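To keep things clear, I will list the structure first and then write my remarks on it.
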Protein chains: 2
Amino acid sequence: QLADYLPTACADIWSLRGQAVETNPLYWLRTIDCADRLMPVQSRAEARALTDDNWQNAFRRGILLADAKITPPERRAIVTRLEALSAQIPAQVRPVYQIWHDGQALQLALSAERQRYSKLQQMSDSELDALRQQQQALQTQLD
Amino acid sequence: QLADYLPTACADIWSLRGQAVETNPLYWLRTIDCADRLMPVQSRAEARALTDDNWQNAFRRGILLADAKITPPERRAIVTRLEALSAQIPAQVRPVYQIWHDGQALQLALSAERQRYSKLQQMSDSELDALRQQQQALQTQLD
């Protein structure tokens, strides 16, 4: 039987500290639910009130900044830092972190696929332009 | 305070039924953790005994089949059915479903992006071919 931190207000959830809250999966579940309700300007403001010296603050910061319109390099650094400290996460919290990490990894894969698409778009047009110029040369020669 | 079903054995988590278990987010969190441990053949063997009649069985079935190597149309049908039933999910469970649904929506977007990429690959080769044929026909006539 665990404590229920879900009814905790989203305005006060980012102020709770201690081992009692940081080992409860229902607390971390509430932080993700509360961060999903915030706008990018509020998420970054709450993230500025946190550091990343330990796994607790790094998890809070990553949860807040995930939807704060960050760049793919910024999301990759957040995931990499948490993956290095994920061994310190208690076992009861890890299922929450694993689901959150899988979503962030899918966002990184999505951004990587967007970049591959634009690279193909530019590669295709560059190859099409070369054949076009060769066609214009032959057409002018025939004319 | 909420009951803790995280230490519940993964071999017996699929047989748990009732309103006391299905309204506890820790039960559904353990369900996702246990399904992540199963191979596609084991996930399908558990999910084949269930259907999508209600939100409880549809969620259990979708959690098991998420990593069972299903097709994008099959995952879309599971997500769409659960979205229609998401109104009946209790408030304390919805944070578990929302993060699970967001991960499934990212998999659908990743599948659509990959299909769009191969679509560009075929359209690019088709246009390149058409220019190559035009160039060749121009060369023979130039000769």
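Ligands are numbered from 1 in the order shown, chains are lettered A, B, ... in the order of the structure tokens, and residues start at 1 in each chain.
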
Give me the residues within 9 Å of residue 59 (chain A) as a JSON list (two decimals) with N, CA, C and O atoms, in the first residue's frame, counting only C-alpha atoms and dropping any in the same chain fewer than 5 places off.
```
[["chain", "number", "residue", "atom", "x", "y", "z"],
["A", 28, "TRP", "N", 5.42, 10.62, -9.08],
["A", 28, "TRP", "CA", 5.98, 10.87, -10.40],
["A", 28, "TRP", "C", 4.92, 10.79, -11.49],
["A", 28, "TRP", "O", 5.03, 11.49, -12.50],
["A", 52, "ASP", "N", 19.94, 19.77, -12.02],
["A", 52, "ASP", "CA", 20.02, 18.40, -12.53],
["A", 52, "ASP", "C", 21.22, 17.68, -11.91],
["A", 52, "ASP", "O", 21.89, 16.88, -12.57],
["A", 54, "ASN", "N", 21.07, 15.53, -9.41],
["A", 54, "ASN", "CA", 20.71, 14.18, -9.02],
["A", 54, "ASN", "C", 19.59, 13.69, -9.93],
["A", 54, "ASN", "O", 19.05, 14.44, -10.75],
["A", 64, "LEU", "N", 9.28, 18.27, -17.24],
["A", 64, "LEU", "CA", 8.72, 19.59, -17.52],
["A", 64, "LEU", "C", 9.10, 20.08, -18.91],
["A", 64, "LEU", "O", 8.27, 20.69, -19.61],
["A", 78, "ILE", "N", 18.90, 15.56, -22.46],
["A", 78, "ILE", "CA", 18.08, 15.25, -21.28],
["A", 78, "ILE", "C", 17.96, 13.75, -21.10],
["A", 78, "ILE", "O", 18.09, 13.23, -19.99],
["A", 82, "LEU", "N", 19.66, 11.28, -18.02],
["A", 82, "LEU", "CA", 18.83, 10.43, -17.17],
["A", 82, "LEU", "C", 19.18, 8.96, -17.33],
["A", 82, "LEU", "O", 19.11, 8.20, -16.36],
["A", 97, "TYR", "N", 9.36, 5.73, -15.00],
["A", 97, "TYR", "CA", 10.44, 6.31, -15.80],
["A", 97, "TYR", "C", 10.59, 5.60, -17.13],
["A", 97, "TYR", "O", 10.88, 6.23, -18.15]]
```

Near-residue 32 (chain A) list (12 Å; only C-alpha atoms; drop same-chain fewer than 5 positions) as a PyMOL selection string: (chain A and resi 6+10+13-14+25-27+37-38+43+59-67+96-97+99-101+103) or (chain B and resi 94-96+98-100+102)

Can you tell me which residues surround residue 138 (chain B) at a distance of at most 12 Å, considering only C-alpha atoms, apart from same-chain residues fewer than 2 positions away, and format the answer as a PDB file with N, CA and C atoms, in the first residue's frame?
```pdb
ATOM      1  N   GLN A 134      21.160  18.699 -67.952  1.00  0.00           N
ATOM      2  CA  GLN A 134      21.623  17.886 -69.072  1.00  0.00           C
ATOM      3  C   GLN A 134      20.569  17.820 -70.170  1.00  0.00           C
ATOM      4  N   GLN A 135      19.289  17.831 -69.788  1.00  0.00           N
ATOM      5  CA  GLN A 135      18.219  17.833 -70.780  1.00  0.00           C
ATOM      6  C   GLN A 135      18.161  19.159 -71.530  1.00  0.00           C
ATOM      7  N   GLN A 136      18.316  20.278 -70.816  1.00  0.00           N
ATOM      8  CA  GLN A 136      18.306  21.584 -71.470  1.00  0.00           C
ATOM      9  C   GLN A 136      19.460  21.716 -72.456  1.00  0.00           C
ATOM     10  N   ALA A 137      20.616  21.135 -72.126  1.00  0.00           N
ATOM     11  CA  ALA A 137      21.762  21.202 -73.027  1.00  0.00           C
ATOM     12  C   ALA A 137      21.494  20.425 -74.309  1.00  0.00           C
ATOM     13  N   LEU A 138      20.954  19.211 -74.181  1.00  0.00           N
ATOM     14  CA  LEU A 138      20.648  18.412 -75.362  1.00  0.00           C
ATOM     15  C   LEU A 138      19.539  19.049 -76.186  1.00  0.00           C
ATOM     16  N   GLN A 139      18.531  19.616 -75.520  1.00  0.00           N
ATOM     17  CA  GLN A 139      17.427  20.236 -76.246  1.00  0.00           C
ATOM     18  C   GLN A 139      17.898  21.458 -77.025  1.00  0.00           C
ATOM     19  N   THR A 140      18.734  22.297 -76.408  1.00  0.00           N
ATOM     20  CA  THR A 140      19.281  23.449 -77.117  1.00  0.00           C
ATOM     21  C   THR A 140      20.178  23.010 -78.266  1.00  0.00           C
ATOM     22  N   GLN A 141      20.912  21.910 -78.080  1.00  0.00           N
ATOM     23  CA  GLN A 141      21.746  21.385 -79.156  1.00  0.00           C
ATOM     24  C   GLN A 141      20.896  20.929 -80.335  1.00  0.00           C
ATOM     25  N   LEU A 142      19.761  20.285 -80.057  1.00  0.00           N
ATOM     26  CA  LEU A 142      18.902  19.806 -81.134  1.00  0.00           C
ATOM     27  C   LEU A 142      18.210  20.963 -81.845  1.00  0.00           C
ATOM     28  N   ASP A 143      17.823  21.992 -81.099  1.00  0.00           N
ATOM     29  CA  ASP A 143      17.155  23.153 -81.674  1.00  0.00           C
ATOM     30  C   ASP A 143      18.084  23.913 -82.616  1.00  0.00           C
TER      31      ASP A 143
ATOM     32  N   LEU B 131      13.082  11.535 -66.548  1.00  0.00           N
ATOM     33  CA  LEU B 131      14.081  12.426 -67.130  1.00  0.00           C
ATOM     34  C   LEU B 131      15.157  11.641 -67.868  1.00  0.00           C
ATOM     35  N   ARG B 132      15.543  10.478 -67.336  1.00  0.00           N
ATOM     36  CA  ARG B 132      16.558   9.666 -67.997  1.00  0.00           C
ATOM     37  C   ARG B 132      16.063   9.151 -69.342  1.00  0.00           C
ATOM     38  N   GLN B 133      14.798   8.728 -69.409  1.00  0.00           N
ATOM     39  CA  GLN B 133      14.231   8.290 -70.682  1.00  0.00           C
ATOM     40  C   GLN B 133      14.153   9.444 -71.675  1.00  0.00           C
ATOM     41  N   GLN B 134      13.727  10.623 -71.212  1.00  0.00           N
ATOM     42  CA  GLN B 134      13.693  11.796 -72.081  1.00  0.00           C
ATOM     43  C   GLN B 134      15.086  12.141 -72.590  1.00  0.00           C
ATOM     44  N   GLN B 135      16.087  12.088 -71.707  1.00  0.00           N
ATOM     45  CA  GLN B 135      17.456  12.389 -72.109  1.00  0.00           C
ATOM     46  C   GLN B 135      17.968  11.389 -73.137  1.00  0.00           C
ATOM     47  N   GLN B 136      17.673  10.102 -72.942  1.00  0.00           N
ATOM     48  CA  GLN B 136      18.122   9.094 -73.896  1.00  0.00           C
ATOM     49  C   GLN B 136      17.463   9.296 -75.255  1.00  0.00           C
ATOM     50  N   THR B 140      19.538   9.905 -78.883  1.00  0.00           N
ATOM     51  CA  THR B 140      19.417   9.186 -80.149  1.00  0.00           C
ATOM     52  C   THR B 140      18.971  10.115 -81.270  1.00  0.00           C
ATOM     53  N   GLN B 141      18.023  11.008 -80.987  1.00  0.00           N
ATOM     54  CA  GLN B 141      17.575  11.934 -82.020  1.00  0.00           C
ATOM     55  C   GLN B 141      18.658  12.957 -82.343  1.00  0.00           C
ATOM     56  N   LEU B 142      19.421  13.386 -81.333  1.00  0.00           N
ATOM     57  CA  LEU B 142      20.561  14.266 -81.581  1.00  0.00           C
ATOM     58  C   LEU B 142      21.596  13.585 -82.465  1.00  0.00           C
ATOM     59  N   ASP B 143      21.808  12.287 -82.269  1.00  0.00           N
ATOM     60  CA  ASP B 143      22.741  11.515 -83.078  1.00  0.00           C
ATOM     61  C   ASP B 143      22.242  11.382 -84.512  1.00  0.00           C
TER      62      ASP B 143
END
```

Among listed residues A:110, A:129, A:16, A:79, nearest chain B (using only C-alpha atoms):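 Counting only C-alpha atoms, the residue closest to chain B is A:110.
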
Per-residue DSSP, chain A, filtered to helix (DSSP H, G or I), as a PyMOL selection string: chain A and resi 13-15+19-22+25-35+40-48+55-65+72-88+94-142

Tell me, as a compact mmCIF listing (two decimals) with N, CA, C and O atoms, in the first residue's frame, which residues lie within 9 Å of residue 81 (chain A), counting only C-alpha atoms; anything in the same chain fewer than 5 positions away does not count.
```
# COMPACT_ATOMS: atom_id res chain seq x y z
N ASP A 52 19.94 19.77 -12.02
CA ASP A 52 20.02 18.40 -12.53
C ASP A 52 21.22 17.68 -11.91
O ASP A 52 21.89 16.88 -12.57
N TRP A 55 19.23 12.41 -9.77
CA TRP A 55 18.22 11.82 -10.64
C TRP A 55 16.83 12.40 -10.37
O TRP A 55 16.01 12.46 -11.29
N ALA A 58 16.78 15.84 -12.12
CA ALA A 58 16.90 15.61 -13.56
C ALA A 58 15.63 15.02 -14.14
O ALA A 58 15.27 15.32 -15.28
N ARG A 76 17.81 15.07 -26.55
CA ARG A 76 18.78 13.98 -26.50
C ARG A 76 19.69 14.11 -25.28
O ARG A 76 20.01 13.11 -24.63
N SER A 86 19.83 6.46 -14.30
CA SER A 86 18.62 5.66 -14.12
C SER A 86 18.83 4.46 -13.20
O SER A 86 17.85 3.91 -12.69
```

Two-atom distance - CA of residue 34 (chain A), CA of residue 48 (chain A) (Å): 16.5 Å

Å distance separating CA of residue 29 (chain A) from CA of residue 91 (chain B), one decimal place: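 Separation of CA of residue 29 (chain A) and CA of residue 91 (chain B): 12.6 Å.
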
Which of B:44, B:119, B:17, B:75 sits closest to chain A [using only C-alpha atoms]: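 Smallest separation from chain A among the options: B:119.
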
Option closest in space to chain A, from B:107, B:88, B:115, B:80 [counting only C-alpha atoms]: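 The answer is B:107, which sits nearest to chain A.
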
Using only C-alpha atoms, determine which residues lie at most 10 Å from residue 124 (chain A), disregarding the query and same-chain residues fewer than 6 positions distant; provide the list as a short mmCIF file (atom, residue, chain, number, x, y, z; two decimals) with N, CA and C atoms, in the first residue's frame.
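This went into around_24.cif:
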```cif
data_model
loop_
_atom_site.label_atom_id
_atom_site.label_comp_id
_atom_site.auth_asym_id
_atom_site.auth_seq_id
_atom_site.Cartn_x
_atom_site.Cartn_y
_atom_site.Cartn_z
N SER A 118 13.91 15.39 -45.06
CA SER A 118 14.38 16.62 -45.70
C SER A 118 15.68 16.38 -46.46
N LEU B 120 8.23 8.92 -50.86
CA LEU B 120 9.11 9.87 -51.52
C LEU B 120 10.22 9.16 -52.29
N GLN B 121 10.71 8.04 -51.76
CA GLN B 121 11.75 7.28 -52.45
C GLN B 121 11.27 6.79 -53.81
N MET B 123 8.58 8.02 -55.60
CA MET B 123 8.27 9.15 -56.46
C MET B 123 9.53 9.80 -57.00
N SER B 124 10.59 9.86 -56.19
CA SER B 124 11.85 10.44 -56.66
C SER B 124 12.46 9.61 -57.78
N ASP B 125 12.46 8.28 -57.62
CA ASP B 125 13.01 7.42 -58.66
C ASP B 125 12.17 7.47 -59.93
N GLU B 127 10.40 10.08 -61.10
CA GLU B 127 10.71 11.32 -61.81
C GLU B 127 12.11 11.28 -62.41
N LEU B 128 13.07 10.71 -61.68
CA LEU B 128 14.42 10.57 -62.22
C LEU B 128 14.42 9.67 -63.45
#
```

Point-to-point distance from CA of residue 2 (chain A) to CA of residue 36 (chain A), Å rounded to tenths: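 Rounded to one decimal, the two atoms are 23.5 Å apart.
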